[PDB]
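Participant: Hey, dropping model03.txt in here, compact mmCIF, N, CA and C atoms:
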# COMPACT_ATOMS: atom_id res chain seq x y z
N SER A 1 17.41 51.77 128.64
CA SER A 1 16.84 51.91 127.29
C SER A 1 15.44 52.47 127.38
N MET A 2 14.96 53.04 126.29
CA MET A 2 13.58 53.46 126.24
C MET A 2 12.63 52.25 126.31
N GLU A 3 13.00 51.11 125.68
CA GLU A 3 12.17 49.88 125.76
C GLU A 3 11.93 49.46 127.26
N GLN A 4 13.00 49.50 128.08
CA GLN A 4 12.89 49.15 129.52
C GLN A 4 11.96 50.09 130.26
N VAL A 5 12.13 51.37 130.05
CA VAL A 5 11.18 52.38 130.62
C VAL A 5 9.70 52.11 130.29
N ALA A 6 9.44 51.77 129.02
CA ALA A 6 8.07 51.49 128.54
C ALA A 6 7.45 50.25 129.20
N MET A 7 8.27 49.19 129.37
CA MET A 7 7.88 48.01 130.10
C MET A 7 7.58 48.33 131.56
N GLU A 8 8.42 49.19 132.13
CA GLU A 8 8.22 49.73 133.51
C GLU A 8 6.95 50.57 133.72
N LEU A 9 6.60 51.32 132.69
CA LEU A 9 5.35 52.11 132.71
C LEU A 9 4.12 51.17 132.67
N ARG A 10 4.20 50.08 131.89
CA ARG A 10 3.19 49.00 131.82
C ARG A 10 3.06 48.28 133.17
N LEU A 11 4.17 47.91 133.81
CA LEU A 11 4.18 47.29 135.15
C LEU A 11 3.49 48.19 136.18
N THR A 12 3.82 49.47 136.14
CA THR A 12 3.24 50.48 137.03
C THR A 12 1.76 50.62 136.83
N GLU A 13 1.33 50.66 135.58
CA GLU A 13 -0.10 50.75 135.32
C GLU A 13 -0.86 49.46 135.74
N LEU A 14 -0.27 48.29 135.50
CA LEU A 14 -0.82 47.04 136.00
C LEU A 14 -0.95 47.11 137.52
N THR A 15 0.09 47.61 138.18
CA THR A 15 0.13 47.74 139.64
C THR A 15 -0.98 48.61 140.14
N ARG A 16 -1.29 49.71 139.40
CA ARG A 16 -2.40 50.60 139.78
C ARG A 16 -3.75 49.90 139.68
N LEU A 17 -3.98 49.17 138.59
CA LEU A 17 -5.22 48.42 138.42
C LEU A 17 -5.37 47.29 139.49
N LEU A 18 -4.29 46.53 139.74
CA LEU A 18 -4.27 45.51 140.78
C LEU A 18 -4.54 46.04 142.19
N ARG A 19 -4.05 47.23 142.50
CA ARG A 19 -4.39 47.85 143.77
C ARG A 19 -5.90 48.12 143.92
N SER A 20 -6.53 48.65 142.87
CA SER A 20 -7.98 48.83 142.91
C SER A 20 -8.72 47.45 143.00
N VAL A 21 -8.27 46.45 142.22
CA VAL A 21 -8.85 45.13 142.29
C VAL A 21 -8.76 44.59 143.74
N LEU A 22 -7.58 44.73 144.35
CA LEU A 22 -7.33 44.23 145.70
C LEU A 22 -8.24 44.90 146.72
N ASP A 23 -8.44 46.21 146.58
CA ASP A 23 -9.36 46.91 147.52
C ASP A 23 -10.77 46.41 147.39
N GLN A 24 -11.21 46.25 146.16
CA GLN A 24 -12.52 45.71 145.87
C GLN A 24 -12.72 44.29 146.39
N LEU A 25 -11.66 43.48 146.32
CA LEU A 25 -11.73 42.10 146.82
C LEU A 25 -11.79 42.10 148.34
N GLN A 26 -10.99 42.94 148.97
CA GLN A 26 -10.94 42.96 150.40
C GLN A 26 -12.25 43.54 151.01
N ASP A 27 -13.01 44.35 150.26
CA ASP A 27 -14.34 44.80 150.75
C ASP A 27 -15.31 43.65 150.80
N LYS A 28 -15.07 42.57 150.05
CA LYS A 28 -15.89 41.42 150.14
C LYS A 28 -15.62 40.53 151.35
N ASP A 29 -14.78 41.03 152.26
CA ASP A 29 -14.34 40.32 153.47
C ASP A 29 -14.49 41.31 154.60
N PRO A 30 -15.75 41.76 154.85
CA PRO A 30 -15.90 42.85 155.86
C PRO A 30 -15.53 42.40 157.27
N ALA A 31 -15.59 41.09 157.52
CA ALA A 31 -15.15 40.52 158.82
C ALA A 31 -13.62 40.49 159.06
N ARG A 32 -12.84 40.74 158.02
CA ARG A 32 -11.37 40.73 158.06
C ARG A 32 -10.75 39.38 158.43
N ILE A 33 -11.46 38.31 158.06
CA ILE A 33 -10.96 36.94 158.24
C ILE A 33 -9.66 36.70 157.48
N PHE A 34 -9.53 37.33 156.31
CA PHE A 34 -8.36 37.12 155.41
C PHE A 34 -7.32 38.22 155.35
N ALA A 35 -7.46 39.19 156.27
CA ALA A 35 -6.63 40.38 156.31
C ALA A 35 -5.20 40.17 156.60
N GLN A 36 -4.90 39.21 157.48
CA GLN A 36 -3.53 39.00 157.94
C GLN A 36 -3.13 37.51 157.84
N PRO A 37 -1.84 37.22 157.79
CA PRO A 37 -1.49 35.79 157.89
C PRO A 37 -2.07 35.04 159.06
N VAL A 38 -2.33 33.74 158.86
CA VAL A 38 -2.67 32.89 160.00
C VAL A 38 -1.47 32.92 161.00
N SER A 39 -1.75 33.24 162.26
CA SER A 39 -0.74 33.25 163.34
C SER A 39 -0.20 31.85 163.73
N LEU A 40 1.11 31.65 163.65
CA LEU A 40 1.71 30.39 164.07
C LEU A 40 1.77 30.28 165.58
N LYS A 41 1.74 31.41 166.28
CA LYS A 41 1.52 31.37 167.72
C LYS A 41 0.16 30.73 168.05
N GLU A 42 -0.91 31.12 167.38
CA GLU A 42 -2.27 30.60 167.66
C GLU A 42 -2.72 29.29 166.93
N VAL A 43 -2.05 28.96 165.82
CA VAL A 43 -2.28 27.69 165.10
C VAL A 43 -0.90 27.14 164.80
N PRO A 44 -0.23 26.59 165.85
CA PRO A 44 1.17 26.18 165.69
C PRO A 44 1.41 25.10 164.66
N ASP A 45 0.43 24.25 164.41
CA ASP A 45 0.52 23.15 163.41
C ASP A 45 0.15 23.60 161.96
N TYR A 46 -0.12 24.91 161.74
CA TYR A 46 -0.76 25.34 160.45
C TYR A 46 0.04 24.86 159.23
N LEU A 47 1.36 24.98 159.30
CA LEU A 47 2.22 24.68 158.17
C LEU A 47 2.39 23.18 157.91
N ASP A 48 1.95 22.31 158.84
CA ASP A 48 1.84 20.87 158.59
C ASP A 48 0.63 20.64 157.65
N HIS A 49 -0.34 21.57 157.68
CA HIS A 49 -1.59 21.49 156.84
C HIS A 49 -1.50 22.23 155.52
N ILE A 50 -1.04 23.44 155.56
CA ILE A 50 -1.05 24.34 154.44
C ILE A 50 0.37 24.76 154.05
N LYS A 51 0.72 24.45 152.80
CA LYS A 51 2.12 24.61 152.36
C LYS A 51 2.49 25.97 151.86
N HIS A 52 1.49 26.67 151.32
CA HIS A 52 1.69 27.98 150.82
C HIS A 52 0.58 28.91 151.41
N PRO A 53 0.78 29.39 152.64
CA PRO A 53 -0.12 30.43 153.23
C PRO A 53 -0.21 31.70 152.44
N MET A 54 -1.41 32.30 152.49
CA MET A 54 -1.59 33.54 151.84
C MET A 54 -2.65 34.38 152.53
N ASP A 55 -2.58 35.67 152.33
CA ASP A 55 -3.53 36.63 152.98
C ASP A 55 -3.44 37.96 152.27
N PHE A 56 -4.37 38.87 152.54
CA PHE A 56 -4.39 40.15 151.84
C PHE A 56 -3.21 41.09 152.16
N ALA A 57 -2.70 41.07 153.40
CA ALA A 57 -1.55 41.89 153.71
C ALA A 57 -0.32 41.44 152.95
N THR A 58 -0.15 40.12 152.87
CA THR A 58 0.99 39.56 152.14
C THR A 58 0.89 39.90 150.65
N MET A 59 -0.30 39.86 150.10
CA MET A 59 -0.54 40.27 148.72
C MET A 59 -0.23 41.73 148.50
N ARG A 60 -0.71 42.58 149.41
CA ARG A 60 -0.44 43.97 149.39
C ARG A 60 1.06 44.31 149.45
N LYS A 61 1.84 43.62 150.28
CA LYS A 61 3.29 43.88 150.29
C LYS A 61 3.91 43.54 148.91
N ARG A 62 3.50 42.40 148.34
CA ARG A 62 4.00 42.02 147.03
C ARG A 62 3.63 43.06 145.93
N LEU A 63 2.41 43.52 145.98
CA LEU A 63 1.91 44.48 145.01
C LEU A 63 2.71 45.77 145.01
N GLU A 64 3.03 46.28 146.19
CA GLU A 64 3.72 47.55 146.33
C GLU A 64 5.22 47.50 146.02
N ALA A 65 5.80 46.31 146.00
CA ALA A 65 7.09 46.10 145.39
C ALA A 65 6.95 45.80 143.89
N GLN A 66 5.80 46.14 143.28
CA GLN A 66 5.49 45.76 141.87
C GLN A 66 5.87 44.31 141.55
N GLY A 67 5.55 43.39 142.46
CA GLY A 67 5.86 41.97 142.34
C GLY A 67 4.87 41.11 141.58
N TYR A 68 3.75 41.67 141.11
CA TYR A 68 2.89 40.91 140.19
C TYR A 68 3.15 41.34 138.70
N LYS A 69 3.64 40.41 137.90
CA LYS A 69 3.98 40.70 136.48
C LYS A 69 2.76 40.71 135.61
N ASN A 70 1.67 40.06 136.06
CA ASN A 70 0.44 39.90 135.28
C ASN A 70 -0.73 39.56 136.23
N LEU A 71 -1.94 39.57 135.70
CA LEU A 71 -3.12 39.22 136.51
C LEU A 71 -3.15 37.77 136.94
N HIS A 72 -2.64 36.87 136.10
CA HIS A 72 -2.58 35.45 136.45
C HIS A 72 -1.91 35.22 137.83
N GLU A 73 -0.74 35.80 138.03
CA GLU A 73 0.02 35.71 139.28
C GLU A 73 -0.80 36.20 140.51
N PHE A 74 -1.49 37.33 140.33
CA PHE A 74 -2.31 37.93 141.35
C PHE A 74 -3.50 37.02 141.73
N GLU A 75 -4.20 36.52 140.73
CA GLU A 75 -5.28 35.53 140.91
C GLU A 75 -4.83 34.23 141.57
N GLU A 76 -3.63 33.75 141.25
CA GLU A 76 -3.10 32.57 141.95
C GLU A 76 -3.05 32.79 143.48
N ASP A 77 -2.56 33.96 143.88
CA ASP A 77 -2.45 34.32 145.31
C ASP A 77 -3.85 34.49 145.91
N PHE A 78 -4.78 35.13 145.20
CA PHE A 78 -6.15 35.21 145.72
C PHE A 78 -6.80 33.83 145.88
N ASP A 79 -6.63 32.99 144.89
CA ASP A 79 -7.08 31.64 144.96
C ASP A 79 -6.51 30.86 146.16
N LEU A 80 -5.23 31.06 146.50
CA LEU A 80 -4.62 30.43 147.67
C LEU A 80 -5.34 30.82 148.93
N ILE A 81 -5.74 32.09 149.05
CA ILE A 81 -6.44 32.57 150.28
C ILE A 81 -7.69 31.71 150.51
N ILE A 82 -8.48 31.57 149.42
CA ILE A 82 -9.74 30.86 149.45
C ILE A 82 -9.49 29.38 149.66
N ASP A 83 -8.62 28.82 148.81
CA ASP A 83 -8.45 27.38 148.78
C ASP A 83 -7.80 26.86 150.10
N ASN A 84 -6.87 27.60 150.70
CA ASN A 84 -6.24 27.18 151.96
C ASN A 84 -7.31 27.12 153.04
N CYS A 85 -8.16 28.14 153.06
CA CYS A 85 -9.21 28.21 154.07
C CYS A 85 -10.23 27.05 153.99
N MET A 86 -10.63 26.69 152.78
CA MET A 86 -11.57 25.62 152.53
C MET A 86 -10.99 24.20 152.72
N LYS A 87 -9.68 24.08 152.86
CA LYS A 87 -9.11 22.81 153.18
C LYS A 87 -8.91 22.70 154.73
N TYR A 88 -8.38 23.73 155.33
CA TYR A 88 -8.06 23.78 156.80
C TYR A 88 -9.31 23.78 157.65
N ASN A 89 -10.31 24.56 157.24
CA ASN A 89 -11.56 24.64 157.95
C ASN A 89 -12.68 23.78 157.40
N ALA A 90 -13.51 23.26 158.31
CA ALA A 90 -14.66 22.49 157.93
C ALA A 90 -15.77 23.34 157.31
N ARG A 91 -16.59 22.70 156.52
CA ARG A 91 -17.79 23.29 155.88
C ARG A 91 -18.72 24.10 156.80
N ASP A 92 -18.91 23.61 158.02
CA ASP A 92 -19.85 24.25 158.94
C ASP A 92 -19.19 25.34 159.83
N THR A 93 -18.15 25.99 159.33
CA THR A 93 -17.52 27.05 160.06
C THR A 93 -17.71 28.41 159.45
N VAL A 94 -17.61 29.40 160.33
CA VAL A 94 -17.65 30.81 159.90
C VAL A 94 -16.49 31.14 158.90
N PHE A 95 -15.36 30.49 159.09
CA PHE A 95 -14.21 30.66 158.20
C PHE A 95 -14.47 30.11 156.83
N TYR A 96 -14.94 28.86 156.74
CA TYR A 96 -15.15 28.26 155.38
C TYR A 96 -16.24 29.07 154.66
N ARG A 97 -17.31 29.36 155.40
CA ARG A 97 -18.40 30.13 154.80
C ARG A 97 -17.97 31.53 154.31
N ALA A 98 -17.09 32.18 155.04
CA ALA A 98 -16.52 33.50 154.58
C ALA A 98 -15.69 33.35 153.26
N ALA A 99 -14.92 32.26 153.16
CA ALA A 99 -14.24 31.95 151.92
C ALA A 99 -15.18 31.80 150.74
N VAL A 100 -16.28 31.04 150.88
CA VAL A 100 -17.18 30.76 149.79
C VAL A 100 -17.74 32.12 149.30
N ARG A 101 -18.08 32.97 150.25
CA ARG A 101 -18.66 34.28 149.91
C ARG A 101 -17.68 35.21 149.17
N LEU A 102 -16.43 35.20 149.61
CA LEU A 102 -15.34 35.96 148.96
C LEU A 102 -15.07 35.48 147.56
N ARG A 103 -15.06 34.15 147.37
CA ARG A 103 -14.90 33.53 146.07
C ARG A 103 -16.01 33.98 145.10
N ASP A 104 -17.25 33.80 145.54
CA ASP A 104 -18.41 34.05 144.69
C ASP A 104 -18.49 35.51 144.25
N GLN A 105 -18.32 36.38 145.23
CA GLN A 105 -18.32 37.80 145.05
C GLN A 105 -17.08 38.33 144.36
N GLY A 106 -15.94 37.73 144.64
CA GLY A 106 -14.71 38.14 143.97
C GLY A 106 -14.67 37.77 142.50
N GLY A 107 -15.39 36.71 142.12
CA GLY A 107 -15.46 36.23 140.72
C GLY A 107 -15.98 37.29 139.75
N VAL A 108 -16.96 38.05 140.23
CA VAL A 108 -17.53 39.19 139.48
C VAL A 108 -16.44 40.21 139.15
N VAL A 109 -15.70 40.60 140.19
CA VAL A 109 -14.68 41.64 140.11
C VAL A 109 -13.59 41.17 139.14
N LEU A 110 -13.13 39.95 139.33
CA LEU A 110 -12.09 39.34 138.47
C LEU A 110 -12.49 39.14 137.01
N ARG A 111 -13.78 38.88 136.78
CA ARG A 111 -14.29 38.74 135.42
C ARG A 111 -14.03 40.02 134.60
N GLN A 112 -14.26 41.20 135.21
CA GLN A 112 -14.09 42.45 134.51
C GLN A 112 -12.61 42.94 134.53
N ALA A 113 -11.89 42.70 135.64
CA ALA A 113 -10.47 42.96 135.68
C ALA A 113 -9.75 42.23 134.52
N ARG A 114 -10.12 40.99 134.20
CA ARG A 114 -9.48 40.24 133.10
C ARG A 114 -9.74 40.92 131.77
N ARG A 115 -10.95 41.44 131.62
CA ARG A 115 -11.29 42.24 130.44
C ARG A 115 -10.47 43.58 130.45
N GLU A 116 -10.34 44.28 131.60
CA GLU A 116 -9.55 45.55 131.67
C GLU A 116 -8.03 45.43 131.46
N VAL A 117 -7.45 44.32 131.91
CA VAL A 117 -6.02 44.03 131.70
C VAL A 117 -5.69 43.73 130.23
N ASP A 118 -6.53 42.89 129.60
CA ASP A 118 -6.51 42.64 128.14
C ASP A 118 -6.68 43.96 127.38
N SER A 119 -7.85 44.58 127.59
CA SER A 119 -8.26 45.82 126.92
C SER A 119 -7.20 46.94 127.00
N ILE A 120 -6.82 47.37 128.20
CA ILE A 120 -5.76 48.39 128.38
C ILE A 120 -4.33 47.87 128.09
N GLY A 121 -4.16 46.56 127.93
CA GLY A 121 -2.93 45.98 127.42
C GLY A 121 -1.85 45.91 128.46
Please re-express this file's structure in structure tokens.
Facilitator:
Amino acid sequence: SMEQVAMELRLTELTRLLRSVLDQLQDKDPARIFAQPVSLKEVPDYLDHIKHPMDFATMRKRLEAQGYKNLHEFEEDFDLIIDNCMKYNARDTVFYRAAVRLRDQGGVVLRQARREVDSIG
């Protein structure tokens, strides 16, 4: 139907905006701490601690299958990256501190993305 096509054009445009948002978020992680999944070879107990792992590569695979229906879903996954790290790692670590910085800096980007998703519809 033409209605289905139009919904698909909206999904595609959301996907384009989310890709730019994701690049901007990942620049706030110049150390690449959050680039890839936590390795189960190197942290074999990780899944006893963290139930829903997340990382930027995993987000990127989802995005390119147009798997985010809205910004809420995308923010949930970004929040998991930060929140998993701040539970698994202690306050006095390079990992926890990188999370806090990504959160603070990413909040700016997300504040305007929420306005752009609303605005462009």
Participant: Quick one: distance from atom N of residue 99 (chain A) to atom N of residue 66 (chain A) in Å, one decimal?
Facilitator: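 Computing the Euclidean distance for atom N of residue 99 (chain A) and atom N of residue 66 (chain A) yields 26.8 Å.
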Participant: Excluding same-chain residues fewer than 5 positions from residue 98 (chain A), what lies within 8 Å of it counting all atoms listed in the file, as JSON, numbers by chain?
Facilitator: {"A": [28, 29, 33, 34, 82, 93, 103, 104]}
Participant: Which residue, A:90, A:100, A:47, A:18, has the smallest gap to residue 60 (chain A) when you use only C-alpha atoms?
Facilitator: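 Using only C-alpha atoms, the shortest distance to residue 60 (chain A) belongs to A:18.
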Participant: If we count only C-alpha atoms, what is near residue 80 (chain A) at a cut-off of 12 Å, once residues fewer than 3 positions away on the same chain are taken out, given as a PyMOL selection string?
Facilitator: chain A and resi 34+37+50-56+58-59+73-77+83-88+99+103
Participant: Record the distance separating CA of residue 117 (chain A) and CA of residue 7 (chain A), expressed in Å with one decimal.
Facilitator: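 Spanning CA of residue 117 (chain A) to CA of residue 7 (chain A) is a straight-line distance of 14.5 Å.
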Participant: Using all atoms of region 51-61 of chain A listed in the file and a margin of 6 Å per side, can you give the axis-aligned box centre and edge lengths in Å to one decimal, as AutoDock Vina command-line options?
Facilitator:
--center_x -0.2 --center_y 34.4 --center_z 151.1 --size_x 20.3 --size_y 31.9 --size_z 17.2
Participant: Work out how far CA of residue 57 (chain A) is from CA of residue 35 (chain A), in Å to one decimal.
Facilitator: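 A separation of 5.9 Å between them.
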Participant: Give me every alpha helix (DSSP H) residue in chain A, going by DSSP on the backbone, as a VMD selection string.
Facilitator: chain A and resid 2 to 26 46 to 49 56 to 64 71 to 88 94 to 120
Participant: Go through A:36, A:15, A:20, A:26 and flag the residue nearest residue 101 (chain A), using only C-alpha atoms for the distances.
Facilitator: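 Smallest distance to residue 101 (chain A) is found for A:26.
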